[PDB]
Amino acid sequence: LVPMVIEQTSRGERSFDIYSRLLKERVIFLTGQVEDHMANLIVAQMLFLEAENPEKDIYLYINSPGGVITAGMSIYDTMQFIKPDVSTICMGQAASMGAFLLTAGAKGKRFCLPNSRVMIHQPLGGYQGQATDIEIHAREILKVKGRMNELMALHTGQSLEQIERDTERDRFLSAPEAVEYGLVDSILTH
Amino acid sequence: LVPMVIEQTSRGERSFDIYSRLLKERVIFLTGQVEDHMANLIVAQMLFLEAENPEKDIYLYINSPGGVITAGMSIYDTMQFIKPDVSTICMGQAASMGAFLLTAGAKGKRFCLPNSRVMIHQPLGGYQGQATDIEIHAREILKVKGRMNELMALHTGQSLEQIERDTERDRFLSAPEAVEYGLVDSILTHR
Amino acid sequence: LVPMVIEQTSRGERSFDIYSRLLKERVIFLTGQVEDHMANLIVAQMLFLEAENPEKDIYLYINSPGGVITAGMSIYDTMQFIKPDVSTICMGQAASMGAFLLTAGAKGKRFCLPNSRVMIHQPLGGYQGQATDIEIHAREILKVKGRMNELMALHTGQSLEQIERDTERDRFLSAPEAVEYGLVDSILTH
Amino acid sequence: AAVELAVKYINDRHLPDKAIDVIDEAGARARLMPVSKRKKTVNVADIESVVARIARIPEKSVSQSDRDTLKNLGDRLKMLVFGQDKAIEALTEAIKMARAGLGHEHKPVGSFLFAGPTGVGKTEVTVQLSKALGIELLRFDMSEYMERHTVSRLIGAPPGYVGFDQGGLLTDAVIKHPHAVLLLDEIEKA
Ligand SMILES: Nc1ncnc2c1ncn2[C@@H]1O[C@H](COP(=O)(O)OP(=O)(O)OP(O)(O)=S)[C@@H](O)[C@H]1O
């Protein structure tokens, strides 16, 4: 159940869901494992907000533990295309795709909470079967990692060699240390 | 099975759920194990209420038996970031996240009920796999525990060493005992 | 499905649910096993009614087979704190946290139906783990057990020693016996 | 001055006859009032007296007399009201702005929306402004005009429907006192 909040208007009060009223204020929330339906839902919200206002920033709260990589790419390609800068405020955990989504955020508007934690590791698409088919599948995952790492380094600016070395094994970064690494430009506290 | 209540507001009468009406008065309800899904509702309510009236103080009931550390922290950071003082009343039960969020309320505004039971234990996490991966994961759980004790000390005011001794093993604090510890303040008991 | 009832109001006809219509008359239904979510719902109904008219008396009907002791304590604390006298009508059955909340009702307004059957037993909680953990959890069950006897003896008016011996083993009390025991002031009369 | 003042204040009568009435009355009063003064000339002062008396108003229609009150309108108002001093400046300046003859001919003297929490004393400022400016007071409450069919009570019901004969209280009161101050309490509820 979602609480219904009335939004005062000159015509009169109209009841709306808590998420609905937040969307009216350019606030979009993200949570749960990334899914095609979930990714497409956040995509429709981004497009509607851009048409409503093409300048005001659209907030994007990421509190997800990671999900399918392919689903996440749709969100990333929709965020870059839209003219308004996305404010990727990380309010909690941020797995591989979680880190990728917040890093895609426009520079100068990315914020992080004091006690948030961003976990970055490599993608895992392990499949078992005939060696012939695995070759193409094996080639594909590296290409996504290379493409993601290339785009990731473009946003952050760190050396590609260092990023792959670190991303080979699971890495945990604190909110203070995250800004040092360049994941988030600033921290929001007050 | 959520009852409906009629609000005799100016120019009309509107029906809203029992939970929704209380949200109009800045009374958020936290119930059940904490998770990424339920946390978004509390965070959404806090942000929505701030826009409506930053001067007014938000309220927060805690009736949770535990939850996820990651999702719990989101409520803690959001609570502190919002200008409004967030009261922290505990109804029925408290836990690691219930007690961590209970002590984060503005000093003086936080209160506790007579029969509330507060349970404060260290974060528990389990990981399996390659030995090297567990070592990296092992460091993370230790750091999370360190971040919890220091933040808890700031509100409660107790030394880090004292809380660590109690936190290392399962602990239980009665409502009167909790006041001496500093987790909460006693209820007004005035009618 | 829940039937819908119409209210005769001068302004216009107002639709209502069977539960919501009775809620408008300060009537609460504590039906089903005691649970965190269901208990929290009852707490909100009590506060709502208190604000509307603290002078009026809030009615509570307890027909439940018992449940989580911790969740029930929430109902007990709010009931005393709220000025409205929380009448307690036990319909059909009562169990752990059913009888405790039945006795907790304001004196002079507690009642039991003629065929209602009460049941009072010691809390049954078990913990598994290392020996050190069982020692702390076991002690907590001793504290709450004693806390219920003390509060039950207060409303009931019986001696502390009598309650401990009776509560040690499950006891079923008929509605006439309940009046003698002290859990309710009198039985409802037509 | 006589012709201009009669149209501005004596709305009931037409210009050709009412104007002569003022001139005729001023001649009789200009001759009777002097006691050894021998003020044969008829200045603007005599015109103000007769128009006021025949218009049934408390000396409002006078020239060079209002300027004395306008000079210290806020001062004499501050002695009957305590607080909201900043509001007095906004209200008194707009009044003087309109009275200076620079306003618009197809708009009222001034439209204001007093906004403050209940009990501040906006009604007191109006009940004292009318006595100061020598104008009547019109008081209406929009709480009774929140329905769809009640809106016609202000302008009047249409022909062939209930409520047509007496007319509308708003237009009737305005025609009776075209110089009064219109007060509408709780306009937002309308
Ligand atoms: N600032 C004030 N100075 C002097 N008397 C005041 C003041 N405020 C209120 N009063 C007195 O209190 C009386 C009752 O207040 P009301 O005039 O009924 O208030 P109100 O008009 O409903 O309030 P608002 O804020 O304008 S909606 C007034 O008529 C005055 O006699």
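Taken together, the values in this text are just the output of simple stated rules run on the coordinates, not laboratory data. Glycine gets a Cβ as well: all are built from the backbone with ideal geometry, and neighbour counts include every protein chain shown.
Going by how many other beta carbons lie within 10 Å of each one, how would you line up D:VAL120, D:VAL81, fewest first?
The fewest-first ordering by Cβ neighbours comes to D:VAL120, D:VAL81.
Amide H of C:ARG117: which non-local residues (sequence gap of 5 or more, or other chain) have their own amide H closer than 5 Å, using H built in the peptide plane?
Here C:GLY92, C:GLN93, C:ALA94 satisfy the definition.
Among all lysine pairs in chain A that are eight or more places apart or on different chains, how many have alpha carbons less than 20 angstrom apart?
Final tally of qualifying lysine pairs is 8.
Specify the inter-centroid distance of segment A:109-132 and segment C:86-143, based on alpha-carbon positions, in whole Å.
After rounding, the separation between the Cα centres reads 48 Å.
To the nearest 0.05, what FRET efficiency results for A:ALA51 and D:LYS37 with a Förster distance of 56 Å applied to their C-beta separation?
0.10
To make sure I understand, if each residue's beta carbon is the centre and we count other beta carbons within 10 Å, what order do A:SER116, A:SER20, C:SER10 fall in, fewest to most?
C:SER10, A:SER20, A:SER116
What Kirkwood hydrodynamic radius, in Å, does segment D:53-190 give when the mean of 1/r is taken over all pairs of distinct Cα atoms and then inverted?
Hydrodynamic radius (Kirkwood, Cα only) of segment D:53-190 equals 17.0 Å.
How high is the relative contact order of chain C? Use alpha-carbon pairs under 8 Å, at least six apart in sequence, and give a whole percent.
That works out to 17 percent.
Apply the Karplus curve 6.51 cos²θ - 1.76 cosθ + 1.60, θ = phi - 60°, to the phi angles in segment D:80-87 and return the couplings in whole Hz, x for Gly and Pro.
10, 9, 10, x, 6, 4, 4, 5
To the nearest 20 Debye, how big is the dipole of the protein assembly as shown about its Cα centre, given +1 on the beta carbon of each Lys and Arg and -1 on that of each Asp and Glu?
2980 debye
Restricting to DSSP loop positions (anything but H, G, I, E, B) with no more than 16 other Cβ atoms inside 10 Å of their own Cβ, which trypsin sites (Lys or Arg not before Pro) remain in segment D:144-190?
D:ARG148
Charges only on Cβ, +1 for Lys and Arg, -1 for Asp and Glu: so what's the dipole of segment A:68-143 about the Cα centre, in debye to the nearest 20?
Result for segment A:68-143 is approximately 420 debye, rounded to the nearest 20.
Taking the Cα-to-Cβ direction at D:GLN166 and at D:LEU70 and moving 7 Å from each Cα, how far apart do the two end points lie in nm?
Inter-label distance under the simple model: 3.9 nm.
With axes computed from alpha carbons, what is the tilt in degrees of helix D:122-132 against the longest principal axis of chain D, rounded to the nearest 10 within 0 to 90?
The angle comes out at about 10 degrees.
So for chain B, what are the equivalent ellipsoid semi-axes in whole Å, largest first, each being the square root of 5 times an eigenvalue of the Cα gyration tensor?
For chain B, the semi-axes come out at 32, 20, 15 Å.
How big is D, in µm² s⁻¹, for segment B:15-75 by Stokes-Einstein at 25 °C and 0.890 mPa s if Rh is the Kirkwood radius over C-alpha pairs?
202 µm²/s
Per residue of A:112-118, what is the mean number of Cβ atoms on other protein chains within 10 angstrom of that residue's Cβ?
Taking all residues of A:112-118 together, the mean is 5.
State, to one decimal in nm, how far the label point of A:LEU41 lies from the label point of D:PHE82, with both points 7 Å from Cα in the Cβ direction.
Modelled inter-label distance: 5.9 nm.
For C:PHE172 paired with D:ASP12, estimate the spin-label separation in nm (one decimal), with each label point 7 Å from Cα along the Cα-to-Cβ line.
9.2 nm
Kirkwood Rh over Cα pairs of the protein assembly as shown into Stokes-Einstein at 25 °C, 0.890 mPa s: D in µm²/s?
75 µm²/s
If you rank C:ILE28, C:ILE62, C:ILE187 by fewest surrounding Cβ atoms within 10 Å, what's the result?
Ordered from fewest to most neighbouring Cβ atoms within 10 Å, C:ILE28, C:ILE62, C:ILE187 come out as C:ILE187, C:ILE28, C:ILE62.
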